[PDB]
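Peer 1: below: the sequence, then the experimentally determined structure.
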Amino acid sequence: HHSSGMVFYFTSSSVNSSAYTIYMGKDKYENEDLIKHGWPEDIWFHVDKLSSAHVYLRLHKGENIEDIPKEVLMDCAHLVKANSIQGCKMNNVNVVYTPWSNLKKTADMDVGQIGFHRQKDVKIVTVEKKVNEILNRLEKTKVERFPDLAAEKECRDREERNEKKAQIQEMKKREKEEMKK
Amino acid sequence: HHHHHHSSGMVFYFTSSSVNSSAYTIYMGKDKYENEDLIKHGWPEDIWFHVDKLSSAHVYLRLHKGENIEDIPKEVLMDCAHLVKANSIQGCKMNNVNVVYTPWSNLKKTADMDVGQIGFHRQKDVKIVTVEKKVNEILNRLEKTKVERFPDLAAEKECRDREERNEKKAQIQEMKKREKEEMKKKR
DNA sequence: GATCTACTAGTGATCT
DNA sequence: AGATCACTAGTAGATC
């Protein structure tokens, strides 16, 4: 039950010239909170049928899992590779990714074990060989942080609530003028 | 597509890259009221930008934790200055205009100051840079990263304060650990 | 107030 | 150096 509040955080830019934040739990325990308090916009990554840390990638607002730039999607799976017991030396390794929302906490939760509400929403992409330059490019953007996971999620939800409120009020405002017209 | 008009709480956010591949967040309040909260809830790591002796919005730049105003990459600092210029009513066309920048922490608001008016605790910590002419190729790049969001500024600052306190706790814990290991060393 | 029970937790030690 | 693990050591309800 080690607090070990430390979470690794990275930054990966795209050839689309969009910057994306990718985060990893230092701890197999810490991961549990990442799971407890992860966001709708997060995409979960792990090696299939092997043990690895749990790299996550956070999409920009309103983005969808398929929209991941391929260069960016590549950065996540390489990371999950080097931070796998067997991956760091294995070639042709298989990484699974799914949205945080498709993750379901098993009753035999253990540590480092998750399920998926719908296996169809599980996607797979394969890593062929160790690629040191992705890793070293990432390490320069690595930083250690001690977040209040629960707090940050609420913030996002709040921003969202206000964003919907503005959308919905402008929507109901329009029917007001149309009823008169 | 961010297809939204105007509603109180709207804050623009942009993104600018570094040659070392560190990404920086730039955020701006175009609005006189909006500006005021950005001023209340700004961060220690924020750098404030404005056109000199001219009316302009309040562009802010957020450094990574523990980064310092002098180490600001020139590429990014220029993107801030080009923004506050283009979001200046006369600046958007003026050549050889002066932008002042200072950390948010150096910002001071006296009882004389009304809404959208700010001062500087220390004039020494105020810096200046002049931009010569519009360089739309920058602005086109920055607009591609524009996003509108209605944050709970008070909340987000607190989140950051919390991480910091957590980082202090952790440091203190490892000290207590090492101090413990030393007592054992000869007992 | 006195055991009593059940829970964190700080300490030692032995696996990988 | 690190983590699981293993007794002791201590705190919290709670309980009669």
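Peer 2: Great, that's in hand. Numbers count the residues shown, from 1 in each chain, chains lettered A, B, ... in the order given.
Peer 1: and stretch A:53-71, what's buried?
Peer 2: By neighbour count with 16 or more other CB atoms under 10 Å in any protein chain shown, stretch A:53-71 contains the buried residues A:53-59, A:65, A:68. C-betas here are computed from N, CA, C, even on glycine.
Peer 1: what about the closest residue to residue A:30 other than its chain neighbours, how many residues nearby?
Peer 2: Excluding the flanking residues, the one nearest residue A:30 by CB to CB, 6 or more residues apart in numbering or on different chains is residue A:4, at 5.2 Å. Residue A:4 has 15 neighbours, counted by other CB atoms under 10 Å in any protein chain shown.
Peer 1: returning to that earlier point: which members of the buried residues of stretch A:53-71 occur in strands, if any?
Peer 2: When these are checked against strands (DSSP state E), the matches are A:55-58.
Peer 1: so where do the strands sit in chain A?
Peer 2: Under the criterion DSSP E, chain A contains strands at A:7-13, A:19-25, A:42-47, A:55-58, A:93-99, A:103-104, A:115-116, A:123-127, A:143-145.
Peer 1: would you turn the ones you listed into a markdown table with distance to residue A:155?
Peer 2: Listed next are these as a markdown table, based on distance: least, CB to CB, whole Å:
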| stretch | distance to residue A:155 |
| --- | --- |
| strand A:7-13 | 16 |
| strand A:19-25 | 15 |
| strand A:42-47 | 15 |
| strand A:55-58 | 13 |
| strand A:93-99 | 20 |
| strand A:103-104 | 21 |
| strand A:115-116 | 27 |
| strand A:123-127 | 28 |
| strand A:143-145 | 15 |
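Peer 1: to residue A:135, which of those strands lies closest?
Peer 2: Nearest of those to residue A:135, taken as CB to CB: strand A:7-13 at 10.4 Å.
Peer 1: does that closest one come close to DNA strand D?
Peer 2: No. Under the criterion of CB under 7 Å from any atom of the strand, DNA strand D is not reached by strand A:7-13; the shortest gap measures 13.9 Å.
Peer 1: just the residues contacting that strand, thanks.
Peer 2: A:19-26, A:30, A:34, A:72, A:75, A:79, A:137-138, A:141-147, B:17, B:21-23 (CB atoms under 8 Å, 6 or more residues apart in numbering or on different chains).
Peer 1: now for the closest residue to DNA strand D within chain A: which residues touch it?
Peer 2: Per CB to the nearest atom of the strand, residue A:28 is where chain A lies closest to DNA strand D, at 6.2 Å. If you count contacts by CB under 8 Å, 6+ apart, residue A:28 has them with A:53, A:111-112.
Peer 1: how many residues are close by the closest residue to residue A:97 other than its chain neighbours?
Peer 2: Nearest non-adjacent residue to residue A:97, counting by CB to CB, 6+ apart: residue A:45, 4.6 Å away. Applying other CB under 10 Å, we find 24 residues neighbouring residue A:45.
Peer 1: returning to what we had before: my read: the residue nearest to residue A:30 touches residue A:26, true?
Peer 2: Yes. The criterion here is CB atoms under 8 Å, and residue A:4 meets it with residue A:26 at 6.2 Å.
Peer 1: grab the two from the ones in strands among the buried residues of stretch A:53-71 that are most spread out in space.
Peer 2: For those, the farthest-apart pair by CB to CB is A:55 and A:58; their separation is 11.1 Å.
Peer 1: can you pull the residues that touch both of those two?
Peer 2: Residues touching both residue A:55 and residue A:58 (CB under 8 Å, 6+ apart) are A:22-23.
Peer 1: so which elements touch the helix ranked longest in chain A?
Peer 2: In chain A, assigned by DSSP state H, the helix with the most residues is helix A:149-180. Using 3 or more CB pairs under 8 Å, 6 or more residues apart in numbering or on different chains; DSSP states H and E, the elements in contact with helix A:149-180 are helix A:31-37, helix B:153-185.
Peer 1: which strands and helices lie in contact with the first one?
Peer 2: Pointing back at helix A:31-37 there. strand A:19-25, helix A:149-180.
Peer 1: out of the ones you listed, deepest packed?
Peer 2: strand A:19-25 (a mean of 21; mean count of other CB atoms under 10 Å in any protein chain shown).
Peer 1: kindly report the residues of chain A close to DNA strand D.
Peer 2: For chain A, the residues in contact with DNA strand D (CB under 7 Å from any atom of the strand) are A:2, A:27-28.
Peer 1: relative to chain B, which of those is nearest.
Peer 2: Distance to chain B across these (CB to the nearest CB) is lowest for residue A:2, with 11.1 Å.
Peer 1: neighbours of the closest residue to residue A:95 other than its chain neighbours, how many?
Peer 2: Nearest residue to residue A:95 in three dimensions, chain neighbours excluded: residue A:77, at 4.0 Å (CB to CB, 6+ apart). Neighbour count of residue A:77, defined by other CB under 10 Å: 25.
Peer 1: go on, residue A:31?
Peer 2: Other residues within reach of residue A:31 by the criterion other CB under 10 Å amount to 22.
Peer 1: try residue A:29
Peer 2: Residue A:29 sits with 14 neighbouring residues when counted by other CB under 10 Å.
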